[PDB]
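Q: Below you'll find upload-v3.pdb; it's PDB, C-alpha atoms.
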```
ATOM      1  CA  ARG A   1      -3.689  31.916  19.856  1.00  0.00           C
ATOM      2  CA  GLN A   2      -6.095  34.749  19.038  1.00  0.00           C
ATOM      3  CA  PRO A   3      -5.430  34.168  15.304  1.00  0.00           C
ATOM      4  CA  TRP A   4      -6.036  30.496  15.963  1.00  0.00           C
ATOM      5  CA  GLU A   5      -9.088  31.820  17.762  1.00  0.00           C
ATOM      6  CA  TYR A   6      -9.687  33.944  14.664  1.00  0.00           C
ATOM      7  CA  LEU A   7      -9.469  30.701  12.669  1.00  0.00           C
ATOM      8  CA  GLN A   8     -12.448  29.309  14.531  1.00  0.00           C
ATOM      9  CA  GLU A   9     -13.961  32.796  14.297  1.00  0.00           C
ATOM     10  CA  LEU A  10     -13.787  32.372  10.572  1.00  0.00           C
ATOM     11  CA  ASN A  11     -15.207  28.860  11.025  1.00  0.00           C
ATOM     12  CA  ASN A  12     -18.269  30.174  12.818  1.00  0.00           C
ATOM     13  CA  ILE A  13     -18.531  32.940  10.223  1.00  0.00           C
ATOM     14  CA  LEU A  14     -18.218  30.096   7.765  1.00  0.00           C
ATOM     15  CA  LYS A  15     -20.859  28.091   9.602  1.00  0.00           C
ATOM     16  CA  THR A  16     -23.193  31.090   9.758  1.00  0.00           C
ATOM     17  CA  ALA A  17     -23.317  31.366   6.015  1.00  0.00           C
ATOM     18  CA  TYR A  18     -25.046  28.730   3.792  1.00  0.00           C
ATOM     19  CA  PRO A  19     -24.981  26.287   6.665  1.00  0.00           C
ATOM     20  CA  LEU A  20     -26.957  23.495   5.071  1.00  0.00           C
ATOM     21  CA  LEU A  21     -24.045  22.994   2.711  1.00  0.00           C
ATOM     22  CA  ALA A  22     -21.752  23.511   5.676  1.00  0.00           C
ATOM     23  CA  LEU A  23     -23.764  20.820   7.354  1.00  0.00           C
ATOM     24  CA  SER A  24     -23.852  18.641   4.252  1.00  0.00           C
ATOM     25  CA  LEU A  25     -20.216  18.922   3.270  1.00  0.00           C
ATOM     26  CA  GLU A  26     -19.182  18.231   6.834  1.00  0.00           C
ATOM     27  CA  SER A  27     -21.698  15.444   6.611  1.00  0.00           C
ATOM     28  CA  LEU A  28     -20.106  14.482   3.317  1.00  0.00           C
ATOM     29  CA  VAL A  29     -16.656  14.711   4.864  1.00  0.00           C
ATOM     30  CA  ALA A  30     -17.357  12.345   7.721  1.00  0.00           C
ATOM     31  CA  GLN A  31     -19.295  10.050   5.427  1.00  0.00           C
ATOM     32  CA  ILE A  32     -16.346   9.640   3.145  1.00  0.00           C
ATOM     33  CA  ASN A  33     -14.076   9.699   6.177  1.00  0.00           C
ATOM     34  CA  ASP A  34     -15.810   6.769   7.737  1.00  0.00           C
ATOM     35  CA  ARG A  35     -16.769   4.324   5.019  1.00  0.00           C
ATOM     36  CA  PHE A  36     -13.463   4.504   3.214  1.00  0.00           C
ATOM     37  CA  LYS A  37     -11.414   4.315   6.444  1.00  0.00           C
ATOM     38  CA  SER A  38     -10.047   0.803   6.277  1.00  0.00           C
ATOM     39  CA  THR A  39      -6.934  -1.018   7.456  1.00  0.00           C
ATOM     40  CA  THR A  40      -7.688  -4.696   6.744  1.00  0.00           C
ATOM     41  CA  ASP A  41      -4.130  -6.096   6.940  1.00  0.00           C
ATOM     42  CA  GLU A  42      -3.048  -3.005   4.993  1.00  0.00           C
ATOM     43  CA  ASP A  43      -0.576  -1.762   7.585  1.00  0.00           C
ATOM     44  CA  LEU A  44       1.035  -5.216   7.366  1.00  0.00           C
ATOM     45  CA  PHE A  45       2.017  -4.659   3.750  1.00  0.00           C
ATOM     46  CA  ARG A  46       2.761  -1.055   4.721  1.00  0.00           C
ATOM     47  CA  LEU A  47       5.031  -2.401   7.448  1.00  0.00           C
ATOM     48  CA  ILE A  48       6.726  -5.013   5.262  1.00  0.00           C
ATOM     49  CA  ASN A  49       7.305  -2.419   2.575  1.00  0.00           C
ATOM     50  CA  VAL A  50       8.801   0.448   4.579  1.00  0.00           C
ATOM     51  CA  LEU A  51      11.063  -1.871   6.550  1.00  0.00           C
ATOM     52  CA  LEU A  52      12.526  -3.932   3.699  1.00  0.00           C
ATOM     53  CA  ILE A  53      12.967  -0.799   1.609  1.00  0.00           C
ATOM     54  CA  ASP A  54      14.805   0.973   4.408  1.00  0.00           C
ATOM     55  CA  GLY A  55      16.685  -2.220   5.167  1.00  0.00           C
ATOM     56  CA  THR A  56      18.294  -2.934   1.808  1.00  0.00           C
ATOM     57  CA  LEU A  57      18.904   0.822   1.539  1.00  0.00           C
ATOM     58  CA  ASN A  58      21.327   0.849   4.468  1.00  0.00           C
ATOM     59  CA  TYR A  59      22.693  -2.548   3.413  1.00  0.00           C
ATOM     60  CA  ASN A  60      23.849  -1.240   0.064  1.00  0.00           C
ATOM     61  CA  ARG A  61      24.783   2.057   1.755  1.00  0.00           C
ATOM     62  CA  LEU A  62      27.498   0.158   3.598  1.00  0.00           C
ATOM     63  CA  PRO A  63      21.942  -3.971  12.054  1.00  0.00           C
ATOM     64  CA  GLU A  64      21.895  -2.484  15.526  1.00  0.00           C
ATOM     65  CA  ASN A  65      19.345   0.332  15.377  1.00  0.00           C
ATOM     66  CA  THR A  66      17.742  -1.888  12.748  1.00  0.00           C
ATOM     67  CA  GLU A  67      17.342  -4.523  15.464  1.00  0.00           C
ATOM     68  CA  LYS A  68      16.399  -1.761  17.922  1.00  0.00           C
ATOM     69  CA  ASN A  69      13.606  -0.515  15.692  1.00  0.00           C
ATOM     70  CA  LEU A  70      12.692  -4.156  14.991  1.00  0.00           C
ATOM     71  CA  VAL A  71      11.394  -4.549  18.533  1.00  0.00           C
ATOM     72  CA  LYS A  72       9.951  -1.021  18.395  1.00  0.00           C
ATOM     73  CA  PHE A  73       7.614  -1.574  15.458  1.00  0.00           C
ATOM     74  CA  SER A  74       6.803  -5.158  16.495  1.00  0.00           C
ATOM     75  CA  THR A  75       5.555  -3.506  19.672  1.00  0.00           C
ATOM     76  CA  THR A  76       3.379  -1.246  17.497  1.00  0.00           C
ATOM     77  CA  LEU A  77       2.212  -4.466  15.896  1.00  0.00           C
ATOM     78  CA  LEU A  78      -0.220  -5.038  18.732  1.00  0.00           C
ATOM     79  CA  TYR A  79      -2.320 -12.753  14.771  1.00  0.00           C
ATOM     80  CA  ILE A  80      -0.719  -9.343  15.328  1.00  0.00           C
ATOM     81  CA  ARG A  81       1.655 -10.164  18.184  1.00  0.00           C
ATOM     82  CA  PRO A  82       3.196 -13.585  17.232  1.00  0.00           C
ATOM     83  CA  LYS A  83       4.657 -12.776  13.821  1.00  0.00           C
ATOM     84  CA  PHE A  84       5.761  -9.475  15.348  1.00  0.00           C
ATOM     85  CA  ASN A  85       7.671 -11.617  17.810  1.00  0.00           C
ATOM     86  CA  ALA A  86       8.554 -14.235  15.183  1.00  0.00           C
ATOM     87  CA  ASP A  87      10.193 -11.567  13.038  1.00  0.00           C
ATOM     88  CA  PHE A  88      11.784  -9.900  16.080  1.00  0.00           C
ATOM     89  CA  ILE A  89      13.516 -13.104  17.207  1.00  0.00           C
ATOM     90  CA  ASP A  90      14.434 -14.522  13.774  1.00  0.00           C
ATOM     91  CA  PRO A  91      20.383 -10.693  12.953  1.00  0.00           C
ATOM     92  CA  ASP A  92      22.296  -9.793   9.808  1.00  0.00           C
ATOM     93  CA  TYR A  93      20.503  -7.957   7.021  1.00  0.00           C
ATOM     94  CA  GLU A  94      20.757 -10.930   4.657  1.00  0.00           C
ATOM     95  CA  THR A  95      18.439 -12.971   6.832  1.00  0.00           C
ATOM     96  CA  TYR A  96      16.486  -9.818   7.706  1.00  0.00           C
ATOM     97  CA  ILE A  97      15.677  -9.148   4.070  1.00  0.00           C
ATOM     98  CA  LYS A  98      15.136 -12.813   3.171  1.00  0.00           C
ATOM     99  CA  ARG A  99      12.615 -13.511   5.895  1.00  0.00           C
ATOM    100  CA  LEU A 100      10.810 -10.179   5.505  1.00  0.00           C
ATOM    101  CA  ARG A 101      10.735 -10.600   1.729  1.00  0.00           C
ATOM    102  CA  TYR A 102       9.374 -14.119   2.102  1.00  0.00           C
ATOM    103  CA  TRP A 103       7.010 -12.604   4.657  1.00  0.00           C
ATOM    104  CA  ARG A 104       6.099  -9.993   2.052  1.00  0.00           C
ATOM    105  CA  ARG A 105       5.968 -12.779  -0.553  1.00  0.00           C
ATOM    106  CA  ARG A 106       3.108 -14.544   1.158  1.00  0.00           C
ATOM    107  CA  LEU A 107       1.524 -11.252   2.268  1.00  0.00           C
ATOM    108  CA  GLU A 108       1.310 -10.230  -1.360  1.00  0.00           C
ATOM    109  CA  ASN A 109       0.165 -13.765  -2.187  1.00  0.00           C
ATOM    110  CA  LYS A 110      -2.467 -13.551   0.543  1.00  0.00           C
ATOM    111  CA  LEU A 111      -3.825 -10.092  -0.261  1.00  0.00           C
ATOM    112  CA  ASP A 112      -4.081 -10.827  -3.965  1.00  0.00           C
ATOM    113  CA  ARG A 113      -6.455 -13.706  -3.243  1.00  0.00           C
ATOM    114  CA  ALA A 114      -9.001 -11.230  -1.837  1.00  0.00           C
TER     115      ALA A 114
END
```
Could you write out this file's structure as structure tokens?

A:
Amino acid sequence: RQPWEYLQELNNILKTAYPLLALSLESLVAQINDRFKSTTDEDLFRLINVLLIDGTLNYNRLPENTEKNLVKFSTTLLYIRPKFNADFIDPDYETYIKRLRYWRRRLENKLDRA
């Protein structure tokens, strides 16, 4: 609240001092924020990783909530929709690893060609 208001009150007190640098670093911040911000099929490997790693984890720990999340993230996969469906329709963990690993196999094979 008022301390969170005091946080901005510091920020103005920050902005009041040496503000060219406060301009420039904020300018630096957004500059680096923008030009480096990239997701060119990167979430796809980030998806294939976090799923298959969680998936074999529970499989050795012993696919319902696995199938329930499988539609959930394929929804977040907004091309983007068909393989989200094609993985959602294609189950036991043995197929679920094997397809997603083969999916990761080409996705690594694709991204390495870049």

Q: Please provide as a ChimeraX atom specification all residues within 9 Å of region 31-41 of chain A, with the sequence filter that same-chain residues fewer than 4 positions apart are discarded (counting only C-alpha atoms).

A: /A:26-27,45-46,107,111

Q: Can those selected residues be exported to a file as a compact mmCIF listing (two decimals), keeping the file's coordinate frame so that it contains C-alpha atoms?

A:
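Output file part.txt is given in full below:
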```txt
# COMPACT_ATOMS: atom_id res chain seq x y z
CA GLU A 26 -19.18 18.23 6.83
CA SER A 27 -21.70 15.44 6.61
CA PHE A 45 2.02 -4.66 3.75
CA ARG A 46 2.76 -1.06 4.72
CA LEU A 107 1.52 -11.25 2.27
CA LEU A 111 -3.82 -10.09 -0.26
```

Q: Just to confirm, what's the straight-line distance from CA of residue 86 (chain A) to CA of residue 67 (chain A) in Å (one decimal)?

A: 13.1 Å

Q: Please measure the separation of CA of residue 83 (chain A) and CA of residue 113 (chain A), giving the value in Å to one decimal.

A: 20.4 Å

Q: I'd like the neighbourhood of residue 59 (chain A) as a list in words, where a residue qualifies if any of its atoms comes within 12 Å (using all atoms listed in the file), though same-chain residues fewer than 2 positions away should be ignored.

A: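 Listing them by chain and then by number gives residues 52, 53, 54, 55, 56, 57, 61, 62, 63, 66, 92, 93, 94, 95, 96 and 97 of chain A.
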
Q: With distances taken over all atoms listed in the file, which residue among A:2, A:74, A:49, A:12 lies nearest residue 103 (chain A)?

A: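 Comparing A:2, A:74, A:49, A:12 against residue 103 (chain A), the winner is A:49.
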
Q: If you measure from CA of residue 25 (chain A) to CA of residue 43 (chain A), what distance in Å do you get, rounded to one decimal?

A: 28.8 Å

Q: So, with only C-alpha atoms as the atoms that count, which of A:76, A:104, A:64, A:16 lies closest to residue 91 (chain A)?

A: A:64

Q: Set up a box along x, y and z of the file covering all listed atoms of region 24-40 of chain A, add 8 Å on every one of the six sides, and write the centre and edge lengths in Å to one decimal, as lines of an AutoDock Vina configuration file.

A:
```
center_x = -15.4
center_y = 7.1
center_z = 5.4
size_x = 32.9
size_y = 39.6
size_z = 20.6
```

Q: Select, from A:101, A:15, A:68, A:106, the residue with the minimum atom-to-atom distance to residue 88 (chain A), counting all atoms listed in the file.

A: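 Ranking A:101, A:15, A:68, A:106 by distance to residue 88 (chain A), first place goes to A:68.
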
Q: Would you mind completing region 16-46 of chain A so that it carries N, CA and C atoms, and writing it out as a PDB file, in the frame of the given file?

A:
```pdb
ATOM      1  N   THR A  16     -22.021  30.223   9.801  1.00  0.00           N
ATOM      2  CA  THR A  16     -23.193  31.090   9.758  1.00  0.00           C
ATOM      3  C   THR A  16     -23.736  31.205   8.347  1.00  0.00           C
ATOM      4  N   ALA A  17     -22.852  31.344   7.381  1.00  0.00           N
ATOM      5  CA  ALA A  17     -23.317  31.366   6.015  1.00  0.00           C
ATOM      6  C   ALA A  17     -23.614  29.952   5.550  1.00  0.00           C
ATOM      7  N   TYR A  18     -24.571  29.862   4.597  1.00  0.00           N
ATOM      8  CA  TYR A  18     -25.046  28.730   3.792  1.00  0.00           C
ATOM      9  C   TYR A  18     -24.957  27.393   4.515  1.00  0.00           C
ATOM     10  N   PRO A  19     -25.474  27.300   5.739  1.00  0.00           N
ATOM     11  CA  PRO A  19     -24.981  26.287   6.665  1.00  0.00           C
ATOM     12  C   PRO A  19     -25.438  24.908   6.332  1.00  0.00           C
ATOM     13  N   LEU A  20     -26.499  24.794   5.534  1.00  0.00           N
ATOM     14  CA  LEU A  20     -26.957  23.495   5.071  1.00  0.00           C
ATOM     15  C   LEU A  20     -25.857  22.793   4.301  1.00  0.00           C
ATOM     16  N   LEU A  21     -25.211  23.522   3.395  1.00  0.00           N
ATOM     17  CA  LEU A  21     -24.045  22.994   2.711  1.00  0.00           C
ATOM     18  C   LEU A  21     -22.914  22.761   3.684  1.00  0.00           C
ATOM     19  N   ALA A  22     -22.750  23.679   4.635  1.00  0.00           N
ATOM     20  CA  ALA A  22     -21.752  23.511   5.676  1.00  0.00           C
ATOM     21  C   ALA A  22     -22.088  22.319   6.541  1.00  0.00           C
ATOM     22  N   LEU A  23     -23.375  22.081   6.759  1.00  0.00           N
ATOM     23  CA  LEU A  23     -23.764  20.820   7.354  1.00  0.00           C
ATOM     24  C   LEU A  23     -23.450  19.671   6.417  1.00  0.00           C
ATOM     25  N   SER A  24     -23.867  19.788   5.155  1.00  0.00           N
ATOM     26  CA  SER A  24     -23.852  18.641   4.252  1.00  0.00           C
ATOM     27  C   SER A  24     -22.440  18.245   3.881  1.00  0.00           C
ATOM     28  N   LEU A  25     -21.587  19.230   3.639  1.00  0.00           N
ATOM     29  CA  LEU A  25     -20.216  18.922   3.270  1.00  0.00           C
ATOM     30  C   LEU A  25     -19.469  18.319   4.439  1.00  0.00           C
ATOM     31  N   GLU A  26     -19.685  18.868   5.630  1.00  0.00           N
ATOM     32  CA  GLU A  26     -19.182  18.231   6.834  1.00  0.00           C
ATOM     33  C   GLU A  26     -19.802  16.863   6.988  1.00  0.00           C
ATOM     34  N   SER A  27     -21.083  16.753   6.649  1.00  0.00           N
ATOM     35  CA  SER A  27     -21.698  15.444   6.611  1.00  0.00           C
ATOM     36  C   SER A  27     -21.083  14.597   5.521  1.00  0.00           C
ATOM     37  N   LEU A  28     -20.779  15.207   4.381  1.00  0.00           N
ATOM     38  CA  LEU A  28     -20.106  14.482   3.317  1.00  0.00           C
ATOM     39  C   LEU A  28     -18.722  14.059   3.752  1.00  0.00           C
ATOM     40  N   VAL A  29     -18.038  14.947   4.474  1.00  0.00           N
ATOM     41  CA  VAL A  29     -16.656  14.711   4.864  1.00  0.00           C
ATOM     42  C   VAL A  29     -16.563  13.492   5.749  1.00  0.00           C
ATOM     43  N   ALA A  30     -17.377  13.460   6.793  1.00  0.00           N
ATOM     44  CA  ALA A  30     -17.357  12.345   7.721  1.00  0.00           C
ATOM     45  C   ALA A  30     -17.832  11.072   7.060  1.00  0.00           C
ATOM     46  N   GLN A  31     -18.786  11.204   6.144  1.00  0.00           N
ATOM     47  CA  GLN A  31     -19.295  10.050   5.427  1.00  0.00           C
ATOM     48  C   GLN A  31     -18.190   9.390   4.634  1.00  0.00           C
ATOM     49  N   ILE A  32     -17.463  10.189   3.871  1.00  0.00           N
ATOM     50  CA  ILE A  32     -16.346   9.640   3.145  1.00  0.00           C
ATOM     51  C   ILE A  32     -15.232   9.282   4.092  1.00  0.00           C
ATOM     52  N   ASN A  33     -15.112  10.012   5.203  1.00  0.00           N
ATOM     53  CA  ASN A  33     -14.076   9.699   6.177  1.00  0.00           C
ATOM     54  C   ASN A  33     -14.296   8.327   6.750  1.00  0.00           C
ATOM     55  N   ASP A  34     -15.543   7.995   7.017  1.00  0.00           N
ATOM     56  CA  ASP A  34     -15.810   6.769   7.737  1.00  0.00           C
ATOM     57  C   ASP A  34     -15.712   5.562   6.827  1.00  0.00           C
ATOM     58  N   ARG A  35     -16.528   5.545   5.773  1.00  0.00           N
ATOM     59  CA  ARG A  35     -16.769   4.324   5.019  1.00  0.00           C
ATOM     60  C   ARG A  35     -15.536   3.900   4.249  1.00  0.00           C
ATOM     61  N   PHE A  36     -14.699   4.856   3.883  1.00  0.00           N
ATOM     62  CA  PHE A  36     -13.463   4.504   3.214  1.00  0.00           C
ATOM     63  C   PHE A  36     -12.357   4.152   4.198  1.00  0.00           C
ATOM     64  N   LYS A  37     -12.461   4.592   5.461  1.00  0.00           N
ATOM     65  CA  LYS A  37     -11.414   4.315   6.444  1.00  0.00           C
ATOM     66  C   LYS A  37     -11.306   2.827   6.691  1.00  0.00           C
ATOM     67  N   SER A  38     -10.211   2.243   6.219  1.00  0.00           N
ATOM     68  CA  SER A  38     -10.047   0.803   6.277  1.00  0.00           C
ATOM     69  C   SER A  38      -8.574   0.472   6.441  1.00  0.00           C
ATOM     70  N   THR A  39      -8.302  -0.568   7.222  1.00  0.00           N
ATOM     71  CA  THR A  39      -6.934  -1.018   7.456  1.00  0.00           C
ATOM     72  C   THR A  39      -6.857  -2.544   7.534  1.00  0.00           C
ATOM     73  N   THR A  40      -7.554  -3.242   6.642  1.00  0.00           N
ATOM     74  CA  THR A  40      -7.688  -4.696   6.744  1.00  0.00           C
ATOM     75  C   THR A  40      -6.403  -5.330   6.237  1.00  0.00           C
ATOM     76  N   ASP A  41      -5.484  -5.597   7.172  1.00  0.00           N
ATOM     77  CA  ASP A  41      -4.130  -6.096   6.940  1.00  0.00           C
ATOM     78  C   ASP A  41      -3.300  -5.170   6.064  1.00  0.00           C
ATOM     79  N   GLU A  42      -3.717  -3.913   5.909  1.00  0.00           N
ATOM     80  CA  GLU A  42      -3.048  -3.005   4.993  1.00  0.00           C
ATOM     81  C   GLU A  42      -1.768  -2.459   5.590  1.00  0.00           C
ATOM     82  N   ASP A  43      -1.779  -2.195   6.896  1.00  0.00           N
ATOM     83  CA  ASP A  43      -0.576  -1.762   7.585  1.00  0.00           C
ATOM     84  C   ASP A  43       0.505  -2.826   7.513  1.00  0.00           C
ATOM     85  N   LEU A  44       0.096  -4.099   7.445  1.00  0.00           N
ATOM     86  CA  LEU A  44       1.035  -5.216   7.366  1.00  0.00           C
ATOM     87  C   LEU A  44       1.878  -5.158   6.104  1.00  0.00           C
ATOM     88  N   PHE A  45       1.247  -4.920   4.957  1.00  0.00           N
ATOM     89  CA  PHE A  45       2.017  -4.659   3.750  1.00  0.00           C
ATOM     90  C   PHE A  45       2.744  -3.329   3.860  1.00  0.00           C
ATOM     91  N   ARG A  46       2.109  -2.341   4.499  1.00  0.00           N
ATOM     92  CA  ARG A  46       2.761  -1.055   4.721  1.00  0.00           C
ATOM     93  C   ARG A  46       3.942  -1.191   5.672  1.00  0.00           C
TER      94      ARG A  46
END
```
